[PDB]
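The chain below stands alone and is given as structure tokens, in the form deposited in one PDB entry.
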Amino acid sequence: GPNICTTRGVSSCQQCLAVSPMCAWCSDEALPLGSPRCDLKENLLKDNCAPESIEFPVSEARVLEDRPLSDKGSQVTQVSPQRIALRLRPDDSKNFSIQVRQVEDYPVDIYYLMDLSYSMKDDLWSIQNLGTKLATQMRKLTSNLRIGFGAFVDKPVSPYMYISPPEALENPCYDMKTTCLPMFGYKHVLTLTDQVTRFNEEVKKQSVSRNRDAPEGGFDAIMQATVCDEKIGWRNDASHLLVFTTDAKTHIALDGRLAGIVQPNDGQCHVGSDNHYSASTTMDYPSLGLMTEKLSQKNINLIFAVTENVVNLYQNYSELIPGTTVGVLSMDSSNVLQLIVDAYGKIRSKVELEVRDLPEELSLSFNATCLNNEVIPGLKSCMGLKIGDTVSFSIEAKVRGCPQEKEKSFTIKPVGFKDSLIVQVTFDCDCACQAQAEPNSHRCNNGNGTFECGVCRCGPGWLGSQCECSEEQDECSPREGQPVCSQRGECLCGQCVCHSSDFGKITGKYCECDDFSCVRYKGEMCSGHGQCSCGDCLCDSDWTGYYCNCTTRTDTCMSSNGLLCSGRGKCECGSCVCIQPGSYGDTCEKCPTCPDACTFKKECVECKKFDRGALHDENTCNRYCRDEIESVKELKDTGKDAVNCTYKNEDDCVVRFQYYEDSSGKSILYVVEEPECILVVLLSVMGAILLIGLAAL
């Protein structure tokens, strides 16, 4: 019967299309009067309108470029499809999918941003033979490898350097019996070269300097190595790695006012022909936001190589910089190589899309579908991948009213990857009949008939539905006892023509429906994340609820465990709600009295090794339990650092095993390979044999 389309718009095709995506307009002039022109398409077919007259716009995502995803990196395509055309109706939605795939053998670019303060003089003696040892351990993951070098200390200004005695301006270590190099801010040394014999032959020439205050000017270099891409040597089709080794806190913006410099960092390239930051002593430090923006634009991955003193500070920093990874570095970089390799492994085991240049009228909600088919609503990222794994997200796009401009473009892309999907949105807010509309005068009014589509819209300031009556007609209320037009309108010529309000415009057949009466959080209706659609908030695709609070994004309810609110709870409204008894914490990461790890998850020596039991027909045998089966033989540690347990296996043989943790977490087995290990039925057998022998006798 009655629907949303019939009770709002019959006057114009444009408003009928705009009311709801499920409506459609028939412009057949042979349709007898008295039938709803705007209704459902199925009802329109039941209405016996002309199928040619029916115009039902359909929102669709026409794939334009669909080059297959490349398998190796020897062109390489990692996001498919790479170009989509959308035609969204007013307040409509339509989904599409990206197929991200990390491709092996992808070329790798390495830039080494080493600090050169006096506290890091011991460090220069360990990097003296990197590169070649980086080449030998990167040839197992990449064929095309290029490396580069950099340096930084701090700003050459009075509160940070020594400017007295006069001989200490060229040797800031005058008091001690050393010859340090003059203080500098950035002295980029090597361009990215495929050859690896220069990273070895140029670090044999650097020296150290000496500032005064412990923090070092680190953020001045992550702004000039990122931006001056024509001198760094960044390739357009490689993996960009920015290794950042430091030994102390770092100066951020507004720290320069202690020296006089008060000019904000513009963020452009200031490295000249001498390979030096020329504007170091005249421009401030860059804030975090500028660094994140410039790193994101140039597709650069930043790897921290900090020490134990400052690892907490830099770990707490890296949460604000997407696409980064911290790593505990020794006091003399004895473990920089393995740190780089493991950071490369960790950055390639996560796919995180980032919409760029998103129109103000569009909202995007995702639904990750990673290894196996575990769809996790809300999340637009996932971990646990290896090099070669394909992921398939599922994006939802909604437009809040047809915008004025009808061609916009954004670009969903995984971080650190040149490849991206470019969306060509084409909003459709047009109707066929009103396009070919001419003034058919004398149809209504005194020679003032309006355009086609069966409506002679009377001129403003003139009274009359079809220009019929000015002052002196039918009932204009749903009920006889109810007030006419719900007291917010006037019923002239038998049609509720209603007021104009500064708050908004009143809509409806009787316009008893309001467009600004929706609930509000603080100052604005629908919490600022939705539009008031006839008294009921229609929140964006990202948000849901009665109010438009309660986001559906589950990025907040995410932990390193890899499950929503861990495996002991559930997430609602962007917050982690603890369900398991005794559980608490920021994201339900703390449920104590609970049965230990070496209590329940022991069937991995039953489903995986010596396969038996459940998870034999259910594809979750190894998704959760992925412990590495290692067989040590009776260390003198019969339970100090972990929880060894024993159960009688399928053959009732006691198996003393141990699995828990060795250093902050270890899915590593410490199991020994070699384990250590009835009258009635007996009598009944005995008797029969006795009788069986009895027959023999």
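So that there is no doubt, residue numbering starts at 1 and follows the sequence shown. Definition used throughout: the rigid core is the maximal C-alpha set that superposes within 1.5 Å between two forms.
Only in words, not in the display: the form deposited in another entry, which the text now covers.
Which residue, chosen from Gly323, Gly267, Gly454, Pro81, moves its CA by 2 Å or more between the shown form and the other one under a rigid core superposition?
Comparing the C-alpha positions, the one residue that moves 2 Å or more is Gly454.
Please check if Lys386 moves between the shown form and the other one, taking a CA shift of 2 Å or more relative to the superposed core as movement.
After core superposition, the displacement of the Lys386 C-alpha between the shown form and the other one stays below 2 Å, so no.
My question is whether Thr281 is one of the residues whose C-alpha shifts by 2 Å or more between the shown form and the other one, given a fit on the rigid core.
Result for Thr281: no, shift under 2 Å.
Superposing on the rigid core, is the Cα displacement of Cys467 between the shown form and the other one 2 Å or more?
Yes, its C-alpha moves 2 Å or more.
Quick one: in the other entry, is the Cα gap between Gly401 and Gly9 smaller or bigger than here? Answer closer or farther; it shifts by 3 Å or more.
Relative to the shown form, the pair is farther apart.
Which way does the C-alpha gap of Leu33 and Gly464 go in the other entry, closer or farther, given it changes by 3 angstroms or more?
Nearer in the other entry, by 3 Å or more.
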